[PDB]
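Coming up is one lone chain in structure tokens, specifically the form deposited in one PDB entry.
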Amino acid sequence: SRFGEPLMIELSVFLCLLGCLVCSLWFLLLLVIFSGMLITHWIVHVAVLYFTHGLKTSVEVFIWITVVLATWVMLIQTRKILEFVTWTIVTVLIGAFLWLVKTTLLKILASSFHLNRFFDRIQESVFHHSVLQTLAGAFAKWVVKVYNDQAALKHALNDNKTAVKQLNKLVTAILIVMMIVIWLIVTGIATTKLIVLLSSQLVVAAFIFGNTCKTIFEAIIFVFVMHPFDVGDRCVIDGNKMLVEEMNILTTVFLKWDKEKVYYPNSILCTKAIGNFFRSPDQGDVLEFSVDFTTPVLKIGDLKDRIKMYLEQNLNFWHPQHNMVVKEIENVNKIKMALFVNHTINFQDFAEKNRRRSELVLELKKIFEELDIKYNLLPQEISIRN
């Protein structure tokens, strides 16, 4: 596991000049320009940071084609051949448009997923590594924590890139297919019988792949929009405290307290209430106990006072705020009580939580012995027959 483990190449400038040289008069000059008009788009782009760098090339294609179609329209059985060509160009532009849309949406999703959530953890990681580099020119525990946190960020970053690439493949594939169909029908190539068969194929597919498409969509919303947890977070699902090992579109992989690896479908996880200790504020806890009904109220008062002193001597573990609650009188034999305390940590480090609680439980033991707090069973009257 990742967590829990024990020459032509640069001839474009020249090519562009050669293309310009192609005409100096007349009507076909725009058509000729199209052959190397990409250079013009590149220059326009130069003339025109995450989105900018990632999208400029998609924009260039879109506008490039737009111009080619516009000049084509204004340029002019060759009669039917040209109708065909015109529509082919239109289809190509539609394709580029959709391409641009697709790219944009994935860039938004991919970026906002992390940029608006853990920017600050990245900066903390950089800081500590700068410090380690400087130092090189409980210390060891600190050093290990710094490396483990960096690894966690690397894993989150890689899983996001992977998930986005998977989305990219699904969308690209459907986009390509629909563009083929669009081309065939707008150009007039497909005939009536072909339209009928394509129509049927789509309808049938709509049923077959219906649940699949819905499931993927819901999984995307769960993972990227709701985002109840990240990689490495300790989460609670139906009472199971589990560490998130990996996130994917269809599944989330978790490690149980005993490090069993669990594959948990997102289509199910989407309907559950999910806890997240990593994202929690300092967490609290409870120690329940019972005392005899005859315990003097003064000993109850001494118990409260002794507990307060303990907690105040250990402020690295406990917040000063606590409550002692008397809850119930059972028969006239038992008083049920509970101690409510506040930890100075959240429970991402579960073992540390238990160690601190364990000491508090032993302190309670000690206080009861010193104050002579006891619990007795009710007496039983016996009658003897011979």
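Numbers for residues come from their place in the sequence shown, where the first is 1. Each form is matched to the other, and the largest set of C-alpha atoms that superpose within 1.5 Å is called the rigid core.
FYI, the form deposited in another entry isn't displayed, but the following is about it.
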To test your reading of the superposition: with the rigid core aligned, which of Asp149, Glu312, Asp285, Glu218 moves its Cα by 2 angstroms or more between this form and the one not shown?
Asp149
Has the Cα of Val177 moved 2 Å or more between this form and the one not shown, judged after a core fit?
yes
Using a superposition on the rigid core, decide whether the Cα position of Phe34 changes by 2 angstroms or more between this form and the one not shown.
yes
2 Å or more on the CA of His129 between this form and the one not shown, with the rigid core superposed, yes or no?
yes
Per the comparison in that other deposited form, the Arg121 and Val231 C-alpha atoms (change 3 Å or more) are positioned farther
Given that the distance between the C-alpha atoms of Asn266 and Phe118 changes by 3 Å or more in that other deposited form, do they end up closer or farther than here?
farther
